[PDB]
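Architecture at a glance
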Amino acid sequence: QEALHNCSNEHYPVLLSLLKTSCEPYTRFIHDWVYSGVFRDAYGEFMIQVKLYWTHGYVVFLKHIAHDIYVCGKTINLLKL
Amino acid sequence: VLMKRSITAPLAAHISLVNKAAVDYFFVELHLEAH
Amino acid sequence: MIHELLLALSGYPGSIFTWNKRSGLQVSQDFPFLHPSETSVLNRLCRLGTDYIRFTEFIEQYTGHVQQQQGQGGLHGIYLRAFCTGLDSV
Amino acid sequence: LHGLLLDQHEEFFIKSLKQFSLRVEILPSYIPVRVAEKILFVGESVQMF
């Protein structure tokens, strides 16, 4: 929210250069579950975890892509079989 | 301004492809529509 | 008086320029060797350093001191911040 | 161009065709009303589609 609230000052390239690499591991984590379906977590920054299918839990970026990620992981976890 | 217009575009275009290919694998091989 | 004038005009009040908020910068002007001639030129010079202090204090006070903690547009907001950014370069 | 606004607790002489409006006091005197109408229409149209 420091990115959206001010973008018209000398701090904007500096804080953008901070956030741009501060979101690199989160995107690296997401690039596994969408392109191989492998889920990685040791930190608890996800609510997702790995009945007849229901052990997938839901107990950051905008919510407009998050639910699409949530279904595109389970699709590959079916395609693993 | 910060928004995704160069990052989410090769991902949201990929989600639809995964969904469509998985549905296609169901239809022509397991024949759910015959049941 | 020579290096001291620069020390005062830079925005750091000296030991001869008694800092006040009702007279600004002002010389003591009670030395036992005072010349009448030096008085007027010093009284003219003090005002610009007094103004420079308030300008720098204003710009520091209202630009770059918050991380988005109602709000006012003549104490905060982006237009006042743009005013201060132009002010320091002038 | 989009319809986004990033000013919090400030205004930009513009406050769907609702929650955004032109008012005479916030507009500069050397920016007339005729240009502000076109800016308002363009923003509302791009926001709508």
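Residues numbered from 1 in each chain as written, not as in the entry; some residues may be left out. Chains lettered and ligands numbered in written order. Part of a larger assembly, values for the part shown. Heavy atoms only, no water.

This deposited entry lists cryo-EM as its structure determination method and 7.0 Å as its resolution.

In the annotation of the PDB entry, chain C is listed under the name Gamma-tubulin complex component 4 and assigned to Homo sapiens.

What about the overall build of chain C?
The secondary structure content of chain C amounts to 3 helices and 0 strands. Of the regular secondary structure in chain C, the N- to C-terminal order runs α-α-α. The C-alpha radius of gyration of chain C comes to 17 Å, more than 25% above the 12 Å expected for a compact globule of 90 residues. Referenced to the eigenvectors of the C-alpha coordinate spread, the extents of chain C come out at roughly 55 × 25 × 20 Å. Counting only residues that meet the buried cut, chain C has 20% of its 90 residues in that class. Of the roughly 6800 Å² that chain C leaves accessible, carbon and sulfur atoms contribute 60%. Side-chain charges in chain C split into 6 positive and 7 negative, and the spacing between the mean points of these groups amounts to 7 Å. (Helix = DSSP H or I, 4+ residues; strand = E, 2+ residues; numbered from the N terminus. Rg over C-alpha atoms; globule rule 2.2 N^0.38 Å. Buried < 20%, exposed > 50% of the residue type's maximum accessible area, 1.4 Å probe, protein only. Areas by Shrake-Rupley, 256 points an atom, 1.4 Å probe, with all protein chains shown as cover. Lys, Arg positive; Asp, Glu negative; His and termini not counted. Charge placed at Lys NZ, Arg CZ, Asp CG, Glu CD.)

Here we look at the interface of chain D and chain C
With 4 residues of chain D at the contact, the number on the chain C side is 7 residues. Taking both sides of the interface into account, the surface hidden between chain D and chain C amounts to around 390 Å²; carbon and sulfur atoms contribute 55%. When the buried surface of chain D facing chain C is broken down by residue, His9(D), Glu10(D) and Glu11(D) rank first, second and third, together holding 89% of it. For the interface between chain D and chain C, the tally reads 0 salt bridges. Its residues assigned to classes, the side of chain D that touches chain C comprises 1 nonpolar, 1 polar and 2 charged. (Contact = heavy atoms within 4.5 Å. Buried area = accessible area lost by both parts, 1.4 Å probe. Salt bridge = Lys/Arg side-chain N within 4 Å of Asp/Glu carboxyl O. Nonpolar A, V, L, I, M, F, W, Y, C, P; charged D, E, K, R; others polar.)

Some points on the arrangement of the chains
With 5 pairs of chains in contact, the largest contact count belongs to chains A and B. Across all C-alpha pairs, the smallest distance from chain B to chain C is 14 Å, and the two are not in contact.

Structural notes on the pattern of salt bridges
One pass over the full model with this rule turns up 3 salt bridges over all chains. As a salt-bridge pair, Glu24(A) and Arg28(A) come within 3.9 Å of each other at their nearest N and O atoms. You can see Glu24(A) and its partner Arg28(A) sitting in helix 3 (residues 24-33), 4 residues apart, about one turn around the helix. Residue class for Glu24(A) comes out partly exposed when judged on its relative accessible area of 38%. With relative accessibility at 51%, the residue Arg28(A) sits in the exposed group. For the salt bridge of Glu11(D) with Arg23(D), the shortest nitrogen-to-oxygen distance reads 3.8 Å.

Brief notes about unusual backbone geometry
Even without being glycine, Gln68(C) reaches a positive phi, approximately 60°. For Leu17(D), which is not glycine, the phi dihedral falls at a positive 60°. You can call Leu17(D) exposed: its relative accessible area is 74%.

Considering the nonpolar core
Listed in full, the 10 residues of the largest apolar core are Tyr26(A), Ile30(A), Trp33(A), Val34(A), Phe46(A), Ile48(A), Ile69(A), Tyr70(A), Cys72(A) and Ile15(B). For this core, the elements supplying multiple residues, two or more each, are helix 3 and helix 4 (63-79) of chain A. Leaving out residues up to four positions away in the same chain, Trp33(A) has contacts with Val38(A), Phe39(A), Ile48(A), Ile69(A), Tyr70(A), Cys72(A), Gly73(A), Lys74(A) and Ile76(A). (Core = buried A, V, L, I, M, F, W, Y, C linked by side-chain atoms within 4.5 Å.)

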